[PDB]
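[1] once you've seen the sequence and the experimental structure below, I've got questions.
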Amino acid sequence: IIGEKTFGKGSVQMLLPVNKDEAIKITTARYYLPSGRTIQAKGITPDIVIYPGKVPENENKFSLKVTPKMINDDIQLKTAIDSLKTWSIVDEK
Amino acid sequence: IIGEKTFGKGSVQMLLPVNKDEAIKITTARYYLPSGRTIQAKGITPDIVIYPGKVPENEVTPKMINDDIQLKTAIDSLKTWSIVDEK
């Protein structure tokens, strides 16, 4: 899991008939992860934190006058690729 | 292998004794990797390319990880290895 902390919305609601005049929507259940932790109080904390932006380049304005090169405009996407590249290396056993 | 492409110094020189008055140094052998490829022509191309610098943010080795983005990547590549080994 790469990126930032998520929003944390782990509730589900349901239409409850208060007779015929009124109806309420309230949380009828909450979500729990395979680890047992709940999702609403905290959300998901990723294994690798990387804030968005462009990929650095010591000569990024010297060079200045299907997912290639776009990886350079997205530092978060390039890191997930980097974790795949080490994963594919580890599976070479 | 994390970082940049290396320099590529895979040559070996040797002193050829022209008696006692002269000696020449010339490359007598080259280095070859376990894959058979030579070193000087290409060097080492890393698996993960990363230029050095600071890690962007959003506002004994702690804090330096932020001042060394290459080190943060090498740790991150270890962190996925520890996940795969969870079998």
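    Structure received. Numbering: from 1, shown residues only, chains lettered A, B, ... in the order given.
[2] near chain B, which residues of chain A show up?
    Taking CB under 8 Å from any CB of the partner chain as the contact definition, chain A meets chain B at A:4, A:47-48, A:51, A:53, A:56-58, A:75, A:79, A:82-83, A:85-87, A:89-91. The way it works is simple: take the backbone N, C-alpha and C, and place the C-beta from them, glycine included.
[3] quick one: which of those sit in strands?
    With strands defined by DSSP state E, the entries of those inside them are residue A:48.
[4] buried ones only from the residues of chain A next to chain B, please, as a ChimeraX command.
    In ChimeraX syntax, the buried subset of those is picked out as below (16 or more other CB atoms under 10 Å in any protein chain shown):
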select /A:48,56,75,79,82,83,86,89
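[5] what residues are up against the closest residue to residue A:49 other than its chain neighbours?
    If the residues on either side of it in the chain are set aside, residue A:49 comes closest to residue A:4, at 6.5 Å by CB to CB, 6 or more residues apart in numbering or on different chains. With CB atoms under 8 Å, 6 or more residues apart in numbering or on different chains as the criterion, the residues that contact residue A:4 are A:46, A:49-51, B:58.
[6] also residue A:5?
    With contacts defined as CB under 8 Å, 6+ apart, residue A:5 is in contact with A:42-46.
[7] which helix runs longest in chain A?
    Selection of the longest helix in chain A by residue count, based on DSSP state H, yields helix A:75-90.
[8] just give me the neighbour total for residue A:50.
    The local packing of residue A:50 (other CB atoms under 10 Å in any protein chain shown) involves 21 other residues.
[9] residue contacts, it?
    Counting by CB under 8 Å, 6+ apart, residue A:50 makes contact with A:2-4, A:75-76, A:79.
[10] just say helix, strand or coil for residue A:15.
    Following DSSP: H, G, I helix; E, B strand; the rest coil, residue A:15 is assigned to strand.
[11] any idea how far it is from chain B?
    Here the distance between residue A:15 and chain B works out to 39 Å (CB to the nearest CB, to the nearest Å).
[12] what about the closest residue to that residue other than its chain neighbours, distance to chain B?
    Distances taken as CB to CB, 6+ apart put residue A:23 closest to residue A:15, at 5.8 Å, once the chain neighbours are dropped. When CB to the nearest CB is applied, the distance between residue A:23 and chain B equals 42 Å.
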